[PDB]
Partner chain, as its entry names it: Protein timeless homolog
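In structure tokens, the next block holds one chain alone, the form deposited without the partner chain.
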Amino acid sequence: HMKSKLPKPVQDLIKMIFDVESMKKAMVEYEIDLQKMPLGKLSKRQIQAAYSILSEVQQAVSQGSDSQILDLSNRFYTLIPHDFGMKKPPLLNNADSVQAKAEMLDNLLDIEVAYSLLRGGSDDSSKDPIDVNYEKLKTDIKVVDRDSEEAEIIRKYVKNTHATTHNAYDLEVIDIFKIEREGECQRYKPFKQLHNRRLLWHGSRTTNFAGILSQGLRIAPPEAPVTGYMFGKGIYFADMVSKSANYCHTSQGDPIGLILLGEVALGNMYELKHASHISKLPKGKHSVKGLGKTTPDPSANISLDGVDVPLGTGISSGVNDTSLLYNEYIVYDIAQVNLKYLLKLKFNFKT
């Protein structure tokens, strides 16, 4: 092929995010039987069906037996086949089982999106598949320059917002990308001047990123158990990098991961200290803020292109009986997000 004029870091990202082996590795992390549910047989409507049964299991857990649960648990396993041999699989009987399986389903939705891009489209060997797969993302991706001012600001956000309680690892920023999803800026125009616009982190495993870049960040579908997510079905962001970095699910067997910096239009925040599973905000509120014990120093806020960047080192927030060690941010309409950056990070595990 003609060999691709994309910059090296961008070609590496495309390799990373369309890796079919990482998709399969992720599936077997979730205990899915690839003999019975291979990558190419994944489909939205099976994932959707599974979501509803999970919501049934949610229903039975909300209202309390271990015999009247069994059937609901088993129906779940009927829809997404797991790998337990001649088995009896573990019973899905508690709220943690519901969270776990809804996190998995999230991730299969995204893997299905990624694979259907690979398997939709045309086949032309004289083009570089790197270039081809780049187009499938409908996203402009540029390398940000190590000496630029935006790079300085970003690396400082990373440097100052790593929580002491996440010191099992640290982070090097390998590459910084400026990104522009096709049509997102149009989607965002209603919110482009809203008060309380913040630049914030969103972490995800790297197998989600083709989906994230083609579709944007999304809300979990109506079928999904709202109980599966602490503040219900929104898009979750953090102001401490390590908090969002933990959701990369990197480790000593895959130390490289990807994290986002989106501009998020929070406006009038509904502030909450504990788990609250809602599907609409109260009238007048635009977002939820889960109140952390620690917060970036509000005195060190700093503007990058007229959007506040909360990059001060963590101080006490003043909040007393909160469930959350760190702030957390949720919006319930996808048009309130404009993705701006993507970092590739190297995690040094000190263990």
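Positions refer to the first chain, counted from 1.
Form solved in complex with the partner chain: not shown, discussed below.
Using a 4.5 angstroms limit between non-hydrogen atoms, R45 is distant from the partner chain in the bound PDB entry.
Although the partner is absent here, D333 is a contact residue: one of its heavy atoms lies within 4.5 angstroms of the partner chain in the bound PDB entry. The partner chain in the bound PDB entry comes within 4.5 Å of a heavy atom belonging to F191. Although the partner is absent here, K138 sits far enough away that none of its heavy atoms falls within 4.5 Å of the partner chain in the bound PDB entry. The partner is not drawn, yet in the bound PDB entry one stretch among 149-157, 191-199, 173-181, 254-262 has residues with heavy atoms inside 4.5 Å of the partner chain: 191-199.
Proximity to the partner chain in the bound PDB entry, defined as a heavy atom within 4.5 Å, singles out one entry of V144, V132, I219, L118, which is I219.
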